[PDB]
Amino acid sequence: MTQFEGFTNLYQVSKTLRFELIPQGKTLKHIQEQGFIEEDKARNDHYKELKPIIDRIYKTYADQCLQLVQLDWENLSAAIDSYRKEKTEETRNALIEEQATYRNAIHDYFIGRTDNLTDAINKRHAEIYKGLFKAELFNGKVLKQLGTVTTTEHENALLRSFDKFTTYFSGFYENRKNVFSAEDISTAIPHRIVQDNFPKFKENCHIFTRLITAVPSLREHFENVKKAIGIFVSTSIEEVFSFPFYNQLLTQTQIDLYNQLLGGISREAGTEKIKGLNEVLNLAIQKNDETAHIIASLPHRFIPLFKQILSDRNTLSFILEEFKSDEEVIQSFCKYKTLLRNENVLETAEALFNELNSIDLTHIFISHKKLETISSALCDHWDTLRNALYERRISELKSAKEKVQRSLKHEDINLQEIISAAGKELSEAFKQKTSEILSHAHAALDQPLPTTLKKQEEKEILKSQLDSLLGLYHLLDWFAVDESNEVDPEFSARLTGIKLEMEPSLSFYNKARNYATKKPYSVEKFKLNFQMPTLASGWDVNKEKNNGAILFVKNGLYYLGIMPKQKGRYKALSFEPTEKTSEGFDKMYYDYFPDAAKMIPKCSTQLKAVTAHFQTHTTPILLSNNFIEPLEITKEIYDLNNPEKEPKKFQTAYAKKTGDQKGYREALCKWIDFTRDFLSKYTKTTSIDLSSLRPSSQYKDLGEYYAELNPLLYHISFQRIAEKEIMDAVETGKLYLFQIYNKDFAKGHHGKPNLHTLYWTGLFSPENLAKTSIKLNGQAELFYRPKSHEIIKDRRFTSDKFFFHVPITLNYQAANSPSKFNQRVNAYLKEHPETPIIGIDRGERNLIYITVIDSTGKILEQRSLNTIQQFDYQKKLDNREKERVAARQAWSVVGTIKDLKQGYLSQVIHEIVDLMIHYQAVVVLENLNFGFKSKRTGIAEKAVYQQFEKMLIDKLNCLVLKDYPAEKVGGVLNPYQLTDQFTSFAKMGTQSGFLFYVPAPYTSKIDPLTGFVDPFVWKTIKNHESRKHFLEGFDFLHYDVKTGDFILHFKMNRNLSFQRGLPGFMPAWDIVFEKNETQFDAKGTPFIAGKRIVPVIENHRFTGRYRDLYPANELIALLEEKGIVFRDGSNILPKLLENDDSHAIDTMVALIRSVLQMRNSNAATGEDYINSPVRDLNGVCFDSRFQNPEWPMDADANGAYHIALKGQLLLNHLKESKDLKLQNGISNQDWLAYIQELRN
RNA sequence: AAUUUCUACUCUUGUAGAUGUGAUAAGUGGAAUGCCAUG
DNA sequence: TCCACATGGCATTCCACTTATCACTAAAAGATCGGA
DNA sequence: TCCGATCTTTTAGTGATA
């Protein structure tokens, strides 16, 4: 018996708030005269310049370390193959433990505990490894022991510039700590070595082995192209794709040579490219041979390896040098232009072209690789000139035509034979386009260069000159200048004499593009330190001398106080907590023991003195300092904390590995009494009440006890401080005072406050002071950003500002992570079966469509959110897309989409949470592959497929309603928690709390009245005999005389090869070819019923736009075309199947394909709908154009509805199950069987 | 037509909703340019 | 499979864009600096 | 030239069933 309001305070969530600090008094003067802002700007610049040096040291240690790795890989290969062949759970855990073993084996080289290495280099690697995460990378001691990087004196001075400020690199350290770590982290060296690169190498090895086994005649070829690449010269082409060579494939250079072996060296522009592995695979594919088909059947693509983590990328391919500045590019192109007019190239080209217009053209030839380009630029189609020449060679003569077309691809043609093959329209089009191009070039040379390159117009005119010159170069590359044919030697020589100086314009074009499309520089905020090695890392009153960041509250306003260092020392300035009635600021007092799991052993067991006492003698030791009463450290407690093994005996890892529940329980009990009397005895924690703690033997584990213990030691009090002391503190410069500010703290604000402002007010409301549910955290950052009725546009960028970023944590009383959250949600859904279901369909046309269904599948509300607050976000986002791709092609600025997508997604998120709190329903969302959504966003990033999922998860993880009371469930004190804690999409399961991930196939293309899908696939129906065979499988066809319709009967025990093999429930189908007459909707608008939209096929494997069709009209036109009598209602199929002409059979398969076509779309006028081919058993032929609200209006509403009944299946399967866990998805066959059972 | 920041309006120098920051690393996808074969 | 309408394999720039980790700290301990 | 204050650094380690 649980409630909907019980889903609160499940787990901690961490957020960050941003504010603007307004200076108070003359403190803005005090930071200005002291010169801190420029000092932090130079410090950030120094850090940015020092980062390449320090990870140069990191890369040096890496490539010195993992070069010595030599391991077997057969166990991991067998584990991967076993898990891939049989996808069971225990095989998965075997794969994880093998991957962890190999990760530890790789990491031991960094650690220095590697078995195969001898002891001296082991201790050298260990003591060098001890220095990458301390101050040892700046004193040069690591540089002395590790290989001689030998940073120059400039970088030595740069390292001296960070003297006594190594804690600024502290966040860097935990960054690089993930590089050298083995706990399965995606930003680690051994995770990439084991889990990422090794399966790819195994795949390459296996596909190479089966490709050699299938066809070995290509075996020599790869060795040959290996001699083309000239790398791995001491290795065999079989040995490279063997497992042990992977012991070489760790350094960046070796994987670079592997990827370049797969790709091939690319030389400079103009010359050919050295072919590689995938190149020759594609070339063998494109032969249209039987060998091409068999290599097409197996996979025919080698996969490149991922880059190493911290290393840098090189190549053997040609790299084009980049233009350093805009002045250099405009100056160099001005000299290029002047040297080009000095060579009088334009009149030279005019001379050549009036020569080709006035001499015979049998002695001038055209290269065979440009016939398609000339055909596409000249005529409307690229296949015009090739087919014209092919038919002309036929007419001047089956097999002979094939050798003719084999000769056409590689033999160069003289241009008169093309003129005689084509028409004179080709000649005049050629002459006018040459006129157009040389007039463009003339305008290019006549027009002067722009003065600068800072704005768009100069960029676009320079682009215009460049592609005019380049198009002249392309037009120059049409002719076959080689003396292999009978080209005129003088004209060939002068065409080289123009083309060799037309060649560098292409490289100039690429250089200008590489300089031109750079992102324009923008002013960026940077971190302030205020000459302090640790700024605002904590709020504690002991560290308030060191961190120097405290807060004041003044009659509802909030202030940040910073204590600067006086004369380079820590001036311990304090205040007097006067009585409450005195006017003044209210200082917050912070009492925080950070985390007992790391403070307790550090402050009591992991000291130097206790260890020095305990190695030499075993007697227990009293500890006196920082204690009211000295605490006793016994032998067994230190053995529990330091057991010289990974499983600590109070940790449940020891209980899981061993099974001694009694000893683990007693060890846990003793450890809990030890931490109890330590918290009693310690100076900081002796004033904290600990009475809510249960007896020690009643505690299940360490994590639960820590979760209950943690929010007792977090405390905030408030003490009134005299105002005059604070004003003398700021006026003397001893205190930097700032005011936290946003939009809602202005005096003119009278509406509802922001959600972040609600969190900030809930932080300091006395209810949260009584019981801390939300918590102020440490590590608060300060940033400075330089500058970039009456209404001011972009007023916030007019002046330089100070910004404050502060982390908070909501649901602090709850545990850090939830336990069995999905079990709780399954329990609540099992106790509440009547809950609604919200189908969300994300699309590319209308984007987001919602449908609401009840427990019985009745529609409650359906909506397409193209227009929210009467604003068409879809159309605006589409035109933003159109101008983004237009600006990309025009070398303009590219902008961003994230802001507008975030605004529209915020509107739709508020809508769906409004309906969520109104209906207490669950949402259902289609499971989509990452590759599919990535390709969909690639063809059109108008779709929000992957972006909206993150916003839904983030909003449903921590949910606060602004209109709700604070103390009520859903307010800022008890926020709603309806989804699992977000970890990563890889470990995101099929169900995250109230959200479900349902399979994507077969949701849109389904009749909701009968559950009908198309059981055929039309790709298998290609030949005429296949069409006749499939026409044999139908039962019979009858012409209705009342309504003029056609009824075709079908049983799925026929046409099995032409069926897709998806057996539905209902064993009969009656396809209805309804008469194409005009019906009316609920609005009464006329519309012709049963019409279809079919793409217009141009020729074989060629399709254009789409055209409407009315299947009964052309069908009866077919029957009166052949003279078939059908008004008697006889069996039409045996009457028509005897006619063996292919045109007839093609017509009826076209009509039955069109009536079996479900999704009927027309984007030109924009009608999207479906028209069910099978009549409902109550005699209804469904069209969604009827606009009846009980059924979906359009096809995407239909898809969202079917996703909703898929979720209905999911919760029915939840109800009948007793394990309180969902099934691992559903299959298509069970889904369509279930919906056919429900419908009919 | 204003905002910690973003989106949408202008009745109030504002309104409605959203807003995990910093650091690091990798990957994806576009556009242009070439080399090579295909309809 | 869900989506379709000039291409496939690569190579080099440039751009946005996504995902995946880390902390979300006070005290212990060492380095340093001013005193006799 | 060696001690006592003090400022900077780094450090500590949990979660799953009777």
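Residues carry numbers counted from 1 along their chain as the sequence is written. These may differ from the entry numbering, and residues without coordinates are not shown. Chains and ligands are labelled sequentially in the order written, the chains with letters from A and the ligands with numbers from 1. The side-chain numbers reported here are obtained from all heavy atoms of the structure, hydrogens and water having been left aside.

- Regarding how it was determined, this PDB entry cites cryo-EM in its header, along with a resolution of 3.8 Å.

- As recorded by the PDB entry, chain A carries the name CRISPR-associated endonuclease Cas12a and is attributed to Acidaminococcus sp. BV3L6.
- Entered under Cofactor in the UniProt record, the comment concerning chain A runs "Mg(2+)". UniProt positions are given in the numbering used here, feature names are shortened, and annotations may be inferred rather than shown by experiment.

**Concerning the overall build of chain A**
Right, so step 1: Counting from the N terminus, the helices are DSSP H or I runs at least four residues long and the strands are E runs at least two residues long. Scanning chain A from N- to C-terminus turns up 43 helices and 31 strands.
Right, so step 2: Each of the three principal axes of chain A carries a C-alpha extent, and together these read 110 × 85 × 80 Å.
Right, so step 3: Residues classed as buried in chain A amount to 45% of the 1240 residues present.
Right, so step 4: Note on areas: these come from Shrake-Rupley sampling with a 1.4 Å probe, and a residue is covered only by the protein chains present in the view. If you sum the accessible surface of chain A, you get close to 64,900 Å²; carbon and sulfur atoms cover 53% of it. Exposure categories follow from relative accessible area, calculated using a 1.4 Å probe and restricted to protein chains: below 20% of the type maximum is buried, above 50% is exposed, and the middle band is partly exposed.

**Comments concerning the protein's contact with RNA strand B**
Right, so step 1: Residues in close proximity to RNA strand B total 71 residues, the closest being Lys369, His474, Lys793, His805 and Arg888.
Right, so step 2: We call a residue near a given molecule or strand whenever any one of its heavy atoms falls within 4 Å of it. Sugar plus phosphate, as a fraction of atoms of RNA strand B within 4 Å of the protein: 73%.
Right, so step 3: We call two N or O atoms a polar contact when they sit within 3.5 Å, provided that within protein one can donate a hydrogen and the other can accept it, with sequence-adjacent residues counted only if both atoms are side-chain atoms. Here a phosphate oxygen of RNA strand B sits 2.4 Å away from a polar atom, N or O, in the side chain of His474.
Right, so step 4: Between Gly751 and RNA strand B, the recorded distance is 2.8 Å, taken from a backbone N or O atom to a phosphate oxygen.
Right, so step 5: Following the grouping adopted for this structure description, the nonpolar residues are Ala, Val, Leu, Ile, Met, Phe, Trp, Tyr, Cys and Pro, the charged ones are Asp, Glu, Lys and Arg, and the polar ones are all others, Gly among them. A breakdown of the residues in the surface near RNA strand B according to their chemical character gives 19 nonpolar, 25 polar and 27 charged.

**Here's the deal with the environment of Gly263**
Right, so step 1: With respect to the secondary-structure elements, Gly263 resides in helix α11 (residues 252–263).
Right, so step 2: Any two residues whose heavy atoms approach within 4.5 Å at even a single point are treated as in contact. When near neighbours in sequence (up to four residues on either side) are disregarded, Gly263 contacts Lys273, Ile274, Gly276 and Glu279.

**Re the UniProt feature "DNA-binding region" in chain A**
Right, so step 1: Mapped onto this numbering, the UniProt entry gives "DNA-binding region" at residues 594–602, 775–778, 884–901 and 984–986.
Right, so step 2: Counted over residues 594–602, helix gives 78% and strand 0%. Its end C-alpha atoms are 12 Å apart.
Right, so step 3: The span residues 884–901 carries 56% helix and 0% strand; its end-to-end C-alpha distance comes to 14 Å.

**Structural notes on the pattern of salt bridges**
Think of it this way: side chains of opposite charge can pair up when their charged atoms draw near.
Right, so step 1: Throughout this description, the term salt bridge denotes a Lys or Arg side-chain nitrogen within 4 Å of a carboxyl oxygen of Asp or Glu. Per the stated rule, a full pass over the model turns up 40 salt bridges.
Right, so step 2: In this structure, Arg863 and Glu861 form a salt bridge, with 2.7 Å as the shortest nitrogen-oxygen distance.
Right, so step 3: On the basis of relative accessible area, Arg863 is assigned to the partly exposed category, the value being 27%.
Right, so step 4: Taking relative accessible area as the criterion, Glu861 reaches 29% and is therefore assigned partly exposed.

**Examining the sheet that holds strand β21 (residues 991–992)**
Right, so step 1: If you walk across this open sheet you meet the six strands as β17-β16-β15-β20-β22-β21, and the pairing is mixed. One side of each edge strand has no neighbouring strand; the edge strands of this open sheet are β17 (859–864) and β21.
Right, so step 2: Strands pair, by our definition, only if DSSP identifies at least two bridges between them. Taken together, the six bridges between strand β15 (residues 837–842) and strand β16 (residues 848–853) define a ladder with antiparallel strand orientation. Bridged to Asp841 within β16 is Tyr849.
Right, so step 3: Most of the contacts of helix α35 (residues 898–919) go to β16, to which it runs at about 5°, and overall it touches β15, β16, β17 and β20 (922–927).
Right, so step 4: Here an axis means a line fitted to C-alpha atoms, over the contact stretch when the element is a helix, while the angle between two N-to-C directions is reported on a 0 to 180 degree scale. Sheet contacts for helix α42 (residues 1195–1216): β15, β16, β17, β20 and β22 (995–999); angle to β16, the most-contacted strand, approximately 45°.

**Some points on unusual backbone geometry**
Right, so step 1: In this structure, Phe232 is a non-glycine residue whose phi angle is positive, near 55°.
Right, so step 2: With respect to the helices and strands, the residue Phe232 is situated in the loop between α10 (219–229) and α11.
Right, so step 3: Its identity is not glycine, yet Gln870 carries a phi of approximately 55°, on the positive side.
Right, so step 4: Locating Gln870 in the fold gives a position in the loop between β18 (867–868) and β19 (871–872).

**Here we look at the packing of aromatic side chains**
For any two aromatic rings, the description comes down to two numbers: the centre-to-centre distance and the angle of the planes.
Right, so step 1: Stacked, tilted and edge-to-face pairs are distinguished by plane angle, under 30 degrees for stacked and over 60 for edge-to-face with tilted covering the rest, among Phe, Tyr and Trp rings (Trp via its six-membered ring) whose centres lie within 6.5 Å. For the structure shown, the criterion picks out 82 aromatic pairs.
Right, so step 2: Ring centres of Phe1030 and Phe1058 lie 6.2 Å apart, and the angle between their planes is 65°; this geometry places the pair in the edge-to-face category. In this pair, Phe1030 is assigned in helix α38 (residues 1024–1032) and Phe1058 in the loop between β24 (1046–1050) and β25 (1069–1073), connecting sequence segments 28 residues apart. Like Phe1030, the residue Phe1058 is buried in the burial classification.
Right, so step 3: Chaining the aromatic ring pairs together yields one cluster made of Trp73, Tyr102, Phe198, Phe201, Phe208, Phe241, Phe243, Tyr246, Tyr258 and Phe302.
Right, so step 4: Remark: a charge is flagged as sitting over a ring if the NZ atom of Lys or the CZ atom of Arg is within 6 Å of the ring centre and within 35 degrees of the ring normal. Note that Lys525 overlies the ring of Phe783, its terminal NZ or CZ placed 4.9 Å from the centroid.

**A short note on the nonpolar core**
Most often, soluble globular proteins have nonpolar side chains that are buried together.
Right, so step 1: Each nonpolar core is a collection of buried residues, namely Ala, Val, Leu, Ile, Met, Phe, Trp, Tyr and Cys, held together in the definition by side-chain atoms within 4.5 Å. Ranked by size, the top nonpolar core spans 80 residues in total, and within it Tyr58 and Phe222 carry the most contacts.
Right, so step 2: Here the element with the most residues in this core is helix α9 (residues 189–214); it accounts for 10 residues.
Right, so step 3: In contact with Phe222, not counting residues within four places along its chain, are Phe208, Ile212, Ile237, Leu277, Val280 and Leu281.
Right, so step 4: One finds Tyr904, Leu956, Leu1209 and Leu1210 within the second-largest nonpolar core, a separate group that totals 61 residues.

**Observations regarding a positive patch on the surface**
Right, so step 1: To count toward a patch, a residue needs a relative accessible area over 30% and no salt bridge; like charges are then connected within 9 Å, while nonpolar side chains (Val, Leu, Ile, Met, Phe, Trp, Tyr) are connected within 5 Å. The positive count covers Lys and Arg only, the negative count covers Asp and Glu only, and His and the chain ends enter neither. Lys charges are placed at NZ, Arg charges at CZ, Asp charges at CG and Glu charges at CD. Taken together, the side chains of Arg113, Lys130, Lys134 and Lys608 define a basic patch exposed on the protein surface.
Right, so step 2: Within the fold, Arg113 resides in the loop between α4 (89–111) and α5 (119–129).

**A few points about the pairing of strand β5 (residues 549–554)**
Right, so step 1: Extensive coverage of β5 is indicated by the burial of six of its six residues.
Right, so step 2: Residue alternation in β5 divides its side chains into two sets, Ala549, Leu551 and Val553 and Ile550, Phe552 and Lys554, and both sets are buried.
Right, so step 3: Note: β5 against strand β6 (residues 557–562), six bridges, orientation antiparallel. Pairing of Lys554 across the sheet is with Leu557, part of β6.
Right, so step 4: Once β5 ends, the chain turns through two residues before running back antiparallel as β6, passing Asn555 with a positive phi of about 45°.

**A look at the protein's contact with DNA strand C**
Right, so step 1: Neighbouring DNA strand C are 62 residues, the closest being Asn278, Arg301, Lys898, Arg936 and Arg1159.
Right, so step 2: Backbone atoms, meaning sugar and phosphate, make up 79% of the atoms of DNA strand C lying within 4 Å of the protein.
Right, so step 3: Interatomic distance of 2.5 Å between a side-chain N/O atom of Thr896 and a phosphate oxygen of DNA strand C.
Right, so step 4: The side chain of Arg1159 places a nitrogen or oxygen atom 2.3 Å from a phosphate oxygen of DNA strand C.
Right, so step 5: Of the residues assigned to the surface near DNA strand C, the class counts are 18 nonpolar, 26 polar and 18 charged.

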